[PDB]
Amino acid sequence: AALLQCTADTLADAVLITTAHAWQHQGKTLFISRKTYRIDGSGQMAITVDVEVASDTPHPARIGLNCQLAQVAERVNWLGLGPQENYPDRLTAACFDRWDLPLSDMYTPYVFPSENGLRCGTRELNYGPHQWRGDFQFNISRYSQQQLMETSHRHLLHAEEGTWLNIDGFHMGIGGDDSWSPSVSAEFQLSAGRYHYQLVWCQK
Amino acid sequence: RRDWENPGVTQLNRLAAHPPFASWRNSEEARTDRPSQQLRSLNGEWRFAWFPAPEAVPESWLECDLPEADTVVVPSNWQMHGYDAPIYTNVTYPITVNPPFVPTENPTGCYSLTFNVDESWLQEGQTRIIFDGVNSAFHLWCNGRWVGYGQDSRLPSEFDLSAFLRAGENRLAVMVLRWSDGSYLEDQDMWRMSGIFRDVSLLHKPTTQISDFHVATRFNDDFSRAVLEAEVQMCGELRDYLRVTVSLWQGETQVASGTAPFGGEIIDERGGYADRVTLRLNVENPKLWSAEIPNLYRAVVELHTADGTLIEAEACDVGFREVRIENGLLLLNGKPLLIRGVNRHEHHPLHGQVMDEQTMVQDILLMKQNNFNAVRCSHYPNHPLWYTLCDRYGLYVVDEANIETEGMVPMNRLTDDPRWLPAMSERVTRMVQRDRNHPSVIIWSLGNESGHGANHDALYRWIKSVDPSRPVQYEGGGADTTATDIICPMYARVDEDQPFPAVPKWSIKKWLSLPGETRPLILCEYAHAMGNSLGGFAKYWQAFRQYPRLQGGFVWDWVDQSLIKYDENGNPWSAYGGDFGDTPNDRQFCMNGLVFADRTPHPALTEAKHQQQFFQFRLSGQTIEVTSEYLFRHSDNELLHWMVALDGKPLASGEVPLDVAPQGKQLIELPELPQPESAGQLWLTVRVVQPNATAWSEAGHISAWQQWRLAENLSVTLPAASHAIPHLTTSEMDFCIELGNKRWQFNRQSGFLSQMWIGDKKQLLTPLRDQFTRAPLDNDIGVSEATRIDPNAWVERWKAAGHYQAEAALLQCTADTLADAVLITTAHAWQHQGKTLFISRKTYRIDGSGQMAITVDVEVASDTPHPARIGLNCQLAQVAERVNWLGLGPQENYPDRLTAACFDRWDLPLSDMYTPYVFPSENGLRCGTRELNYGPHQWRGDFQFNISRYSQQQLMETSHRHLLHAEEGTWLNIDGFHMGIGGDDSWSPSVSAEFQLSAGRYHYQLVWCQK
Ligand SMILES: [Mg+2]
Ligand SMILES: [Mg+2]
Ligand SMILES: [Mg+2]
Ligand SMILES: [Mg+2]
Ligand code: NA
Ligand code: NA
Ligand code: NA
Ligand code: NA
Ligand code: NA
């Protein structure tokens, strides 16, 4: 990430921060992320994300934000597709409702660890005193993507400090037509070039 | 009698049907196809009188002319001359359905002609008259004496006048009935006219003559050898000294020849045809005919005495080609075709149904220049010259019987009735007898929209029996009945099934594999091009290329059937159904063409051209793989032009000769390309150019193109800081912002940008507001009517949901001063009767540079019908001469109809930004635009837009383009999102789901600035 811009302004009833960052590799601009953060008198933080993806770069696995929360809570509650793990190209069986589960059910123990546990179509997510609202997909667990991608057997994974939260405006399908060649259908690739998403973080 | 009310009487004294004759008396003239002194045209000035019924015709007319008759040009349609009105009816019969009867009020055209006959024609042989087309039925008299009768408006009627003529001056009297029992078989979707609308000629033949002849070409397995077989029949004085000589020429070279006396092989216990002869010519390495290379030979058929006296000669162009279906594929010369076809009615905006060479040629050139290789004669045999032209220019043809009874209930009511078998059979049999020798005809068709009756089964078989060389097709009754060798649906969609009862229209890919099905599938009609349409067209082409057995189709249709009208000031204007006081009528349903009635293309034309390209391309790194879809030719008149541009700025370009064998591939590695550094998107465009002119195109013609995005360099460059900060002034009613010579005003009561000044000049006529509707397209409307609402049509769904009448309620409007800008924030709700349909939230950020960045977020109720578009609009004060944009173009293009458009920097006159479809609707959009320049303004983002002198409101409420009036200023429509236009059909919703605005939430952004 390269910062291109970081401003702060005060509005009548709110504070607005504006940021711009470019992601580059060996001199090429892969992605550009433009954001706004609006904190109002209600204490809600409104995040707006506008992203650009160079046309000649391969379509990314996802387009979201993430962080490691300090907190570790027992349950996860959301209003979205569930109750089980679901992805863009694998979400027909999931139902839109209000689900609540132990944090562990939010992690799928595939033997060969990877990205897992996503739930799509979520309008509201609750964890600890926090609440996020918008229209997004998410995963939350004690393992970072980093650890997962670095670990070959689930038995070697270890709970990190806190909780890793991945909240996606958009996520690539997972495929499976076969597992020895690219099998994700075109309509499931993040090839739009420009992506918009918005979320409200607040306390509950 | 009343022969015109008896399906049992279709002619009286009519001569047998036969291929085209000229009765040359010199073989070299026959060979050259020069005119024949024995074939006279009787076209020109005739005398004409209109009656409202045959009973009103005075008996004197037969013996002599009527003082009141007018002088008119023949061929012609009397309606065209104003005698009565043309009728525009689609399916419902223009008359009361009560076969076999017609109205007692039946417009009658009395035509006449005094002409001369040379004594010589009368001293020997036979003199006959030929009416190429008379609508719908007619009696004939010569010199006051009754000669005969005929029905079938679309095939020639020939009568022997030998005994009626006399040296010198003669007079014909032609009593033409507008309506007859034949009408019940002429219910095609077109203008209902009448008259002697094709050529009239006079032909001299000798007494002993060639009465018919059939030419066939059969090949060995690899087509290196062929046998030309010509069956010849004669009439007249049969004697031992007679012979027939058939010779075949390639240019001035005689490649083969055979002579034989008459007397065919024994065929049954009573012997053989002593009046027939079959000649067989072997031809080595024949040059094959195809739409790609219309190689022709000329066959001359000489009737003569064995000692050398030529009696007469007949002749035709011959195309060596084999047509067959094998293993479920339609093959031409052993290869599977891909029909880039079009349905074409014979129509002229001034002449009506009268055809002329110039027009035909013009259609043919346009068709070929647009990548079409086939035409279907919807829905009757065409003017004879048509065939000659397709043979020579090369287009595969579907020859169709003049049988359409769509108006019946059920549709097979007549075709399933044996009493109509005679009338039907004549329509089929005489067509085949006349057109069987033309190489261009590759498929026979049994007629159109007449259900499926046993009469069809019988005639199907008759054809298969008399002409084994061409498949027989027929859509009626479900498109896949036992009366068709090909599945030939009309409007079946690519992936979506429409399971009507009895005659479901399956998705074409699914259709092919139904249990037990094996035939090939060629849509007899698809992609209904009515008004702003052809959306989803590429979806068809993709399936056709992918499925071997999906072999193409014929677009509906070539030309709009609009008629010219003249105003109070005598200015021509395009009229449609009902414009002649004709009722009932099907209004604009008569206009479904790829080109306007004057041959001017509609934008859809270009989309068809591109999808129908003959070269396919793939890009790999720096290599271009070109793949030929030609079956028989090498790319011997083709070169490849390539060019790379960075956001419209040309960087590199070149030419490479194209050398690909039919069905072959060629790789082309491009030169090292520019590595810019500068922001923007690099685009590569390649074009296939014909360096040399052809019979149907000019040197330099472009036959194909394709584009690809290469590297993209995202701008990470921050703009320079401003020696300015805008000032905000407030009042209860507005927020006003100023920056230099620039000012913006926001109405606090409406919540919209109500005015802008550049300098001191106001820039807007109407405020900038959101817009969620469009002046509906013909496809949005479908068959909905004022009196007969079709609730399922898009337009009706939107009207009923209140989309067109929703009022924006202000939910919020605020102004805030920032460090280097003023920010206005708004939210509005659109409601109708209590229902919130849409919510629009925006921000307007004006900064120290003078730009205004507009951010919009819209929510659409999930339960409201998907809206036509999501955008903004406004009437600009300015009227500029030109429009410059960086986006898809240059022609009008929509979401589901933009593959042909190319991304570049385009620049056109205002007027080119409007498409004058006859029936007004949303039009002129250009999608994928990144920057738009008009007068002082510049707008940047990712959007689709439209700009013209007409408001959506105006378009919507006006019925004809000539009634449109330019408004003050320019109306601009700038959409973040726009719904597909559809077109699979024009009478049910046809926008594919992926082109519906069903996301719920939409986001878009623009920067409005000045230059
Ligand atoms: Mg009759
Ligand atoms: Mg003589
Ligand atoms: Mg019809
Ligand atoms: Mg000779
Ligand atoms: Na792993
Ligand atoms: Na095919
Ligand atoms: Na029509
Ligand atoms: Na070439
Ligand atoms: Na209109």
# chains A, B, ... in the order shown; residues from 1 in each chain; ligands from 1
>>> interface_residues(of="chain A", to="chain B", cutoff="10 Å", atoms="only C-alpha atoms", output="PDB file with N, CA and C atoms, in the first residue's frame")
ATOM      1  N   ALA A   2       0.543   2.200  -0.917  1.00  0.00           N
ATOM      2  CA  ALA A   2       1.190   3.483  -0.974  1.00  0.00           C
ATOM      3  C   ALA A   2       0.115   4.532  -0.643  1.00  0.00           C
ATOM      4  N   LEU A   3       0.351   5.476   0.289  1.00  0.00           N
ATOM      5  CA  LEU A   3      -0.697   6.433   0.550  1.00  0.00           C
ATOM      6  C   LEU A   3      -0.661   7.503  -0.479  1.00  0.00           C
ATOM      7  N   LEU A   4      -1.805   7.819  -1.040  1.00  0.00           N
ATOM      8  CA  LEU A   4      -1.828   8.864  -2.033  1.00  0.00           C
ATOM      9  C   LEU A   4      -2.504  10.023  -1.364  1.00  0.00           C
ATOM     10  N   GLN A   5      -3.351   9.772  -0.380  1.00  0.00           N
ATOM     11  CA  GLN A   5      -3.982  10.948   0.223  1.00  0.00           C
ATOM     12  C   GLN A   5      -4.673  10.607   1.506  1.00  0.00           C
ATOM     13  N   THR A   7      -6.975  13.034   4.178  1.00  0.00           N
ATOM     14  CA  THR A   7      -7.476  14.295   4.720  1.00  0.00           C
ATOM     15  C   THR A   7      -8.569  14.057   5.764  1.00  0.00           C
ATOM     16  N   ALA A   8      -8.861  15.132   6.514  1.00  0.00           N
ATOM     17  CA  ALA A   8      -9.853  15.139   7.594  1.00  0.00           C
ATOM     18  C   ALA A   8     -10.608  16.428   7.551  1.00  0.00           C
ATOM     19  N   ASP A   9     -11.891  16.310   7.643  1.00  0.00           N
ATOM     20  CA  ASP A   9     -12.625  17.534   7.629  1.00  0.00           C
ATOM     21  C   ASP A   9     -13.709  17.368   8.649  1.00  0.00           C
ATOM     22  N   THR A  10     -14.215  18.497   9.127  1.00  0.00           N
ATOM     23  CA  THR A  10     -15.304  18.531  10.083  1.00  0.00           C
ATOM     24  C   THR A  10     -16.547  18.983   9.324  1.00  0.00           C
ATOM     25  N   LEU A  11     -17.634  18.257   9.537  1.00  0.00           N
ATOM     26  CA  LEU A  11     -18.866  18.631   8.896  1.00  0.00           C
ATOM     27  C   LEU A  11     -19.696  19.165  10.017  1.00  0.00           C
ATOM     28  N   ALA A  12     -20.888  19.646   9.694  1.00  0.00           N
ATOM     29  CA  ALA A  12     -21.770  20.173  10.736  1.00  0.00           C
ATOM     30  C   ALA A  12     -21.921  19.284  11.983  1.00  0.00           C
ATOM     31  N   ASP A  13     -22.248  18.043  11.742  1.00  0.00           N
ATOM     32  CA  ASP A  13     -22.548  17.021  12.728  1.00  0.00           C
ATOM     33  C   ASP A  13     -21.596  15.843  12.648  1.00  0.00           C
ATOM     34  N   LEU A  16     -15.294  13.793   8.842  1.00  0.00           N
ATOM     35  CA  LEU A  16     -15.022  13.065   7.631  1.00  0.00           C
ATOM     36  C   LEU A  16     -13.522  12.970   7.310  1.00  0.00           C
ATOM     37  N   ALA A  20      -6.690   7.743   0.069  1.00  0.00           N
ATOM     38  CA  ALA A  20      -6.421   7.150  -1.217  1.00  0.00           C
ATOM     39  C   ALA A  20      -5.082   6.422  -1.076  1.00  0.00           C
ATOM     40  N   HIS A  21      -5.081   5.194  -1.559  1.00  0.00           N
ATOM     41  CA  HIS A  21      -3.945   4.301  -1.537  1.00  0.00           C
ATOM     42  C   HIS A  21      -3.923   3.494  -2.807  1.00  0.00           C
ATOM     43  N   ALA A  22      -2.728   3.344  -3.298  1.00  0.00           N
ATOM     44  CA  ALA A  22      -2.363   2.572  -4.445  1.00  0.00           C
ATOM     45  C   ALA A  22      -1.555   1.364  -3.973  1.00  0.00           C
ATOM     46  N   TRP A  23      -1.823   0.243  -4.621  1.00  0.00           N
ATOM     47  CA  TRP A  23      -1.131  -1.008  -4.388  1.00  0.00           C
ATOM     48  C   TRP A  23      -0.319  -1.351  -5.579  1.00  0.00           C
ATOM     49  N   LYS A  28       4.046  -1.573 -10.962  1.00  0.00           N
ATOM     50  CA  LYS A  28       2.774  -1.502 -11.600  1.00  0.00           C
ATOM     51  C   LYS A  28       1.759  -1.261 -10.508  1.00  0.00           C
ATOM     52  N   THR A  29       0.788  -0.391 -10.875  1.00  0.00           N
ATOM     53  CA  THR A  29      -0.352  -0.096  -9.988  1.00  0.00           C
ATOM     54  C   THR A  29      -1.385  -1.216 -10.212  1.00  0.00           C
ATOM     55  N   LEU A  30      -1.568  -2.120  -9.198  1.00  0.00           N
ATOM     56  CA  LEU A  30      -2.497  -3.224  -9.259  1.00  0.00           C
ATOM     57  C   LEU A  30      -3.921  -2.754  -8.924  1.00  0.00           C
ATOM     58  N   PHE A  31      -4.029  -2.136  -7.761  1.00  0.00           N
ATOM     59  CA  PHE A  31      -5.274  -1.599  -7.286  1.00  0.00           C
ATOM     60  C   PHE A  31      -5.141  -0.231  -6.677  1.00  0.00           C
ATOM     61  N   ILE A  32      -6.255   0.496  -6.711  1.00  0.00           N
ATOM     62  CA  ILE A  32      -6.327   1.775  -6.062  1.00  0.00           C
ATOM     63  C   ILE A  32      -7.600   1.714  -5.223  1.00  0.00           C
ATOM     64  N   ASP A  50     -14.390   2.817  -2.701  1.00  0.00           N
ATOM     65  CA  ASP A  50     -14.387   2.815  -4.145  1.00  0.00           C
ATOM     66  C   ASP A  50     -13.058   2.241  -4.587  1.00  0.00           C
ATOM     67  N   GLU A  52     -10.551   0.523  -7.763  1.00  0.00           N
ATOM     68  CA  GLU A  52     -10.157   0.396  -9.139  1.00  0.00           C
ATOM     69  C   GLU A  52      -9.192  -0.778  -9.235  1.00  0.00           C
ATOM     70  N   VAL A  53      -9.338  -1.625 -10.266  1.00  0.00           N
ATOM     71  CA  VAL A  53      -8.466  -2.756 -10.464  1.00  0.00           C
ATOM     72  C   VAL A  53      -7.939  -2.775 -11.859  1.00  0.00           C
ATOM     73  N   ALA A  54      -6.635  -2.615 -12.003  1.00  0.00           N
ATOM     74  CA  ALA A  54      -6.093  -2.593 -13.344  1.00  0.00           C
ATOM     75  C   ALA A  54      -6.644  -3.757 -14.169  1.00  0.00           C
ATOM     76  N   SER A  55      -7.063  -3.449 -15.394  1.00  0.00           N
ATOM     77  CA  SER A  55      -7.613  -4.459 -16.311  1.00  0.00           C
ATOM     78  C   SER A  55      -6.669  -5.588 -16.656  1.00  0.00           C
ATOM     79  N   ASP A  56      -5.405  -5.296 -16.698  1.00  0.00           N
ATOM     80  CA  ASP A  56      -4.469  -6.328 -17.076  1.00  0.00           C
ATOM     81  C   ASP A  56      -3.921  -7.073 -15.884  1.00  0.00           C
ATOM     82  N   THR A  57      -4.489  -6.856 -14.740  1.00  0.00           N
ATOM     83  CA  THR A  57      -3.935  -7.716 -13.687  1.00  0.00           C
ATOM     84  C   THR A  57      -4.920  -8.903 -13.527  1.00  0.00           C
ATOM     85  N   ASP A 135     -23.922  -4.549   2.932  1.00  0.00           N
ATOM     86  CA  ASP A 135     -24.346  -5.657   2.116  1.00  0.00           C
ATOM     87  C   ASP A 135     -23.019  -6.321   1.754  1.00  0.00           C
ATOM     88  N   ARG A 194     -14.037  -1.678 -11.563  1.00  0.00           N
ATOM     89  CA  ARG A 194     -14.295  -0.639 -10.566  1.00  0.00           C
ATOM     90  C   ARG A 194     -15.348  -1.233  -9.625  1.00  0.00           C
ATOM     91  N   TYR A 195     -15.133  -1.138  -8.321  1.00  0.00           N
ATOM     92  CA  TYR A 195     -15.923  -1.751  -7.299  1.00  0.00           C
ATOM     93  C   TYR A 195     -16.255  -0.760  -6.227  1.00  0.00           C
ATOM     94  N   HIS A 196     -17.527  -0.758  -5.808  1.00  0.00           N
ATOM     95  CA  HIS A 196     -18.030   0.094  -4.742  1.00  0.00           C
ATOM     96  C   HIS A 196     -18.693  -0.751  -3.670  1.00  0.00           C
ATOM     97  N   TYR A 197     -18.404  -0.413  -2.443  1.00  0.00           N
ATOM     98  CA  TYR A 197     -19.047  -1.009  -1.283  1.00  0.00           C
ATOM     99  C   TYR A 197     -19.104  -0.058  -0.111  1.00  0.00           C
TER     100      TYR A 197
END
>>> residues_around(residues="stretch 158-172 of chain A", least_positions_apart="4", cutoff="10 Å", atoms="only C-alpha atoms", output="VMD selection string")
chain A and resid 49 59 to 73 87 to 89 103 118 to 122 125 127 132 134 to 145 147 to 148 151 154 184 to 191 195 to 199
>>> write_last_selection(atoms="C-alpha atoms", output="short mmCIF file (atom, residue, chain, number, x, y, z; two decimals), in the first residue's frame")
data_model
loop_
_atom_site.label_atom_id
_atom_site.label_comp_id
_atom_site.auth_asym_id
_atom_site.auth_seq_id
_atom_site.Cartn_x
_atom_site.Cartn_y
_atom_site.Cartn_z
CA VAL A 49 -15.03 2.14 -0.48
CA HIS A 59 -8.89 -10.81 -11.23
CA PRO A 60 -8.39 -10.66 -7.44
CA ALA A 61 -9.70 -13.27 -4.96
CA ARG A 62 -11.61 -10.63 -3.14
CA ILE A 63 -12.20 -6.99 -2.57
CA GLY A 64 -12.65 -6.14 1.13
CA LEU A 65 -10.96 -4.94 4.31
CA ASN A 66 -9.73 -6.74 7.27
CA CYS A 67 -8.40 -6.42 10.78
CA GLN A 68 -7.56 -8.33 13.90
CA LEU A 69 -9.94 -7.40 16.66
CA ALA A 70 -8.54 -7.33 20.15
CA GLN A 71 -11.60 -9.09 21.40
CA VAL A 72 -12.58 -12.73 21.45
CA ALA A 73 -16.34 -13.38 21.89
CA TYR A 87 -19.66 -18.56 -1.29
CA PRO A 88 -20.84 -16.66 -4.44
CA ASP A 89 -20.96 -19.73 -6.61
CA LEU A 103 -17.39 -18.59 16.88
CA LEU A 118 -17.33 -17.10 4.45
CA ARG A 119 -21.12 -16.17 4.64
CA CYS A 120 -22.45 -13.98 1.88
CA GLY A 121 -25.33 -11.65 1.44
CA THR A 122 -24.98 -10.23 4.98
CA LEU A 125 -23.02 -8.72 11.62
CA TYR A 127 -19.54 -9.73 17.40
CA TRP A 132 -21.37 -3.84 11.12
CA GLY A 134 -24.17 -2.97 4.81
CA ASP A 135 -24.35 -5.66 2.12
CA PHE A 136 -21.31 -7.81 2.29
CA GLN A 137 -19.70 -11.19 2.77
CA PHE A 138 -17.53 -12.04 5.79
CA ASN A 139 -15.50 -14.58 7.68
CA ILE A 140 -14.37 -14.37 11.30
CA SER A 141 -12.04 -16.81 13.10
CA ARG A 142 -8.94 -17.06 15.25
CA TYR A 143 -6.67 -17.70 12.23
CA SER A 144 -5.25 -15.10 9.91
CA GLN A 145 -5.34 -15.70 6.07
CA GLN A 147 -1.51 -18.49 8.84
CA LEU A 148 -3.97 -20.50 6.75
CA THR A 151 -0.34 -24.09 6.99
CA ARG A 154 -5.34 -28.14 10.07
CA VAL A 184 -14.27 -20.46 -11.60
CA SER A 185 -16.98 -19.34 -13.99
CA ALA A 186 -16.59 -15.88 -15.63
CA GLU A 187 -19.61 -14.53 -13.96
CA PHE A 188 -17.91 -15.31 -10.63
CA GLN A 189 -14.56 -13.56 -11.41
CA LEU A 190 -14.01 -10.00 -10.00
CA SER A 191 -13.45 -8.53 -13.41
CA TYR A 195 -15.92 -1.75 -7.30
CA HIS A 196 -18.03 0.09 -4.74
CA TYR A 197 -19.05 -1.01 -1.28
CA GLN A 198 -20.20 0.66 1.94
CA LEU A 199 -20.44 -0.37 5.53
#
>>> residues_near_ligand(ligand="ligand 5", cutoff="10 Å", atoms="only C-alpha atoms and all ligand atoms", output="PyMOL selection string")
chain A and resi 110-115+145-154+157
>>> residues_near_ligand(ligand="ligand 6", cutoff="6 Å", atoms="only C-alpha atoms and all ligand atoms", output="PyMOL selection string")
chain B and resi 544-551
>>> residues_near_ligand(ligand="ligand 3", cutoff="9 Å", atoms="only C-alpha atoms and all ligand atoms", output="list in words")
residues 90, 91, 92, 187, 188, 189, 190, 379, 404, 405, 406, 407, 448, 449 and 450 of chain B
>>> closest_atom_pairs(of="chain B", to="ligand 4", cutoff="12 Å", atoms="only C-alpha atoms and all ligand atoms", output="JSON lines")
{"residue": "B:26", "atom": "CA", "partner": "ligand 4", "partner_atom_place_in_ligand_line": "1 (Mg)", "distance": 10.5}
{"residue": "B:27", "atom": "CA", "partner": "ligand 4", "partner_atom_place_in_ligand_line": "1 (Mg)", "distance": 8.3}
{"residue": "B:28", "atom": "CA", "partner": "ligand 4", "partner_atom_place_in_ligand_line": "1 (Mg)", "distance": 9.6}
{"residue": "B:31", "atom": "CA", "partner": "ligand 4", "partner_atom_place_in_ligand_line": "1 (Mg)", "distance": 11.6}
{"residue": "B:244", "atom": "CA", "partner": "ligand 4", "partner_atom_place_in_ligand_line": "1 (Mg)", "distance": 11.3}
{"residue": "B:245", "atom": "CA", "partner": "ligand 4", "partner_atom_place_in_ligand_line": "1 (Mg)", "distance": 8.4}
{"residue": "B:246", "atom": "CA", "partner": "ligand 4", "partner_atom_place_in_ligand_line": "1 (Mg)", "distance": 9.9}
{"residue": "B:247", "atom": "CA", "partner": "ligand 4", "partner_atom_place_in_ligand_line": "1 (Mg)", "distance": 8.9}
{"residue": "B:248", "atom": "CA", "partner": "ligand 4", "partner_atom_place_in_ligand_line": "1 (Mg)", "distance": 11.8}
{"residue": "B:254", "atom": "CA", "partner": "ligand 4", "partner_atom_place_in_ligand_line": "1 (Mg)", "distance": 10.4}
{"residue": "B:256", "atom": "CA", "partner": "ligand 4", "partner_atom_place_in_ligand_line": "1 (Mg)", "distance": 11.8}
{"residue": "B:257", "atom": "CA", "partner": "ligand 4", "partner_atom_place_in_ligand_line": "1 (Mg)", "distance": 9.5}
{"residue": "B:258", "atom": "CA", "partner": "ligand 4", "partner_atom_place_in_ligand_line": "1 (Mg)", "distance": 10.6}
{"residue": "B:259", "atom": "CA", "partner": "ligand 4", "partner_atom_place_in_ligand_line": "1 (Mg)", "distance": 10.2}
{"residue": "B:300", "atom": "CA", "partner": "ligand 4", "partner_atom_place_in_ligand_line": "1 (Mg)", "distance": 10.6}
{"residue": "B:301", "atom": "CA", "partner": "ligand 4", "partner_atom_place_in_ligand_line": "1 (Mg)", "distance": 11.1}
{"residue": "B:302", "atom": "CA", "partner": "ligand 4", "partner_atom_place_in_ligand_line": "1 (Mg)", "distance": 9.0}
{"residue": "B:303", "atom": "CA", "partner": "ligand 4", "partner_atom_place_in_ligand_line": "1 (Mg)", "distance": 11.3}
{"residue": "B:304", "atom": "CA", "partner": "ligand 4", "partner_atom_place_in_ligand_line": "1 (Mg)", "distance": 10.2}
{"residue": "B:305", "atom": "CA", "partner": "ligand 4", "partner_atom_place_in_ligand_line": "1 (Mg)", "distance": 11.8}
{"residue": "B:306", "atom": "CA", "partner": "ligand 4", "partner_atom_place_in_ligand_line": "1 (Mg)", "distance": 11.2}
{"residue": "B:307", "atom": "CA", "partner": "ligand 4", "partner_atom_place_in_ligand_line": "1 (Mg)", "distance": 11.1}
{"residue": "B:308", "atom": "CA", "partner": "ligand 4", "partner_atom_place_in_ligand_line": "1 (Mg)", "distance": 8.0}
{"residue": "B:309", "atom": "CA", "partner": "ligand 4", "partner_atom_place_in_ligand_line": "1 (Mg)", "distance": 9.9}
{"residue": "B:310", "atom": "CA", "partner": "ligand 4", "partner_atom_place_in_ligand_line": "1 (Mg)", "distance": 9.1}
{"residue": "B:313", "atom": "CA", "partner": "ligand 4", "partner_atom_place_in_ligand_line": "1 (Mg)", "distance": 11.7}
>>> residues_around(residues="stretch 859-865 of chain B", least_positions_apart="4", cutoff="6 Å", atoms="only C-alpha atoms", output="list in words")
residues 837, 838, 839, 1000 and 1001 of chain B
>>> write_last_selection(atoms="N, CA, C and O atoms", output="mmCIF file, in the first residue's frame")
data_model
loop_
_atom_site.group_PDB
_atom_site.id
_atom_site.type_symbol
_atom_site.label_atom_id
_atom_site.label_comp_id
_atom_site.auth_asym_id
_atom_site.auth_seq_id
_atom_site.Cartn_x
_atom_site.Cartn_y
_atom_site.Cartn_z
ATOM 1 N N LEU B 837 -40.509 3.839 -4.173
ATOM 2 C CA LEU B 837 -39.954 3.047 -5.275
ATOM 3 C C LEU B 837 -38.440 3.067 -5.311
ATOM 4 O O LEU B 837 -37.742 2.073 -5.565
ATOM 5 N N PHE B 838 -37.916 4.267 -5.108
ATOM 6 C CA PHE B 838 -36.474 4.505 -5.182
ATOM 7 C C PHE B 838 -36.027 5.545 -4.199
ATOM 8 O O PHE B 838 -36.790 6.483 -3.878
ATOM 9 N N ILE B 839 -34.779 5.374 -3.785
ATOM 10 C CA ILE B 839 -34.125 6.332 -2.896
ATOM 11 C C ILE B 839 -32.822 6.715 -3.571
ATOM 12 O O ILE B 839 -32.089 5.837 -4.028
ATOM 13 N N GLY B 1000 -30.709 -3.839 -6.825
ATOM 14 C CA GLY B 1000 -31.239 -3.309 -5.567
ATOM 15 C C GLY B 1000 -30.589 -1.974 -5.152
ATOM 16 O O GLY B 1000 -31.263 -0.957 -4.788
ATOM 17 N N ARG B 1001 -29.267 -2.020 -5.227
ATOM 18 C CA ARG B 1001 -28.387 -0.910 -4.907
ATOM 19 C C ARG B 1001 -27.425 -0.605 -6.046
ATOM 20 O O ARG B 1001 -26.791 -1.497 -6.600
#
>>> select_by_dssp(residues="stretch 556-752 of chain B", states="alpha helix (DSSP H)", output="list in words")
residues 604, 605, 606, 607, 608, 609, 610 and 611 of chain B
>>> residues_near_ligand(ligand="ligand 8", cutoff="8 Å", atoms="only C-alpha atoms and all ligand atoms", output="list in words")
residues 634, 635, 636, 637, 638, 639, 657, 658, 659 and 660 of chain B
>>> closest_atom_pairs(of="stretch 173-292 of chain B", to="stretch 334-343 of chain B", cutoff="12 Å", atoms="only C-alpha atoms", output="JSON lines")
{"residue": "B:219", "atom": "CA", "partner": "B:334", "partner_atom": "CA", "distance": 10.3}
{"residue": "B:220", "atom": "CA", "partner": "B:334", "partner_atom": "CA", "distance": 10.8}
{"residue": "B:221", "atom": "CA", "partner": "B:334", "partner_atom": "CA", "distance": 8.7}
{"residue": "B:222", "atom": "CA", "partner": "B:334", "partner_atom": "CA", "distance": 8.2}
{"residue": "B:223", "atom": "CA", "partner": "B:334", "partner_atom": "CA", "distance": 8.5}
{"residue": "B:288", "atom": "CA", "partner": "B:334", "partner_atom": "CA", "distance": 11.3}
{"residue": "B:290", "atom": "CA", "partner": "B:337", "partner_atom": "CA", "distance": 10.3}
{"residue": "B:291", "atom": "CA", "partner": "B:339", "partner_atom": "CA", "distance": 10.2}
{"residue": "B:292", "atom": "CA", "partner": "B:337", "partner_atom": "CA", "distance": 11.0}
>>> residues_around(residues="residue B:474", least_positions_apart="6", cutoff="10 Å", atoms="only C-alpha atoms", output="list in words")
residues 400, 444, 445, 446, 447, 448, 449, 450, 451, 452, 456, 460, 480, 481, 482, 483, 484, 485, 486, 487, 488, 489 and 524 of chain B
>>> select_by_dssp(residues="stretch 435-470 of chain B", states="strand (DSSP E or B)", output="number ranges by chain")
B: 441-445, 448
>>> residues_near_ligand(ligand="ligand 2", cutoff="9 Å", atoms="only C-alpha atoms and all ligand atoms", output="VMD selection string")
chain B and resid 120 123 to 124
>>> residues_near_ligand(ligand="ligand 1", cutoff="7 Å", atoms="only C-alpha atoms and all ligand atoms", output="PyMOL selection string")
chain B and resi 3-10+151+180-182
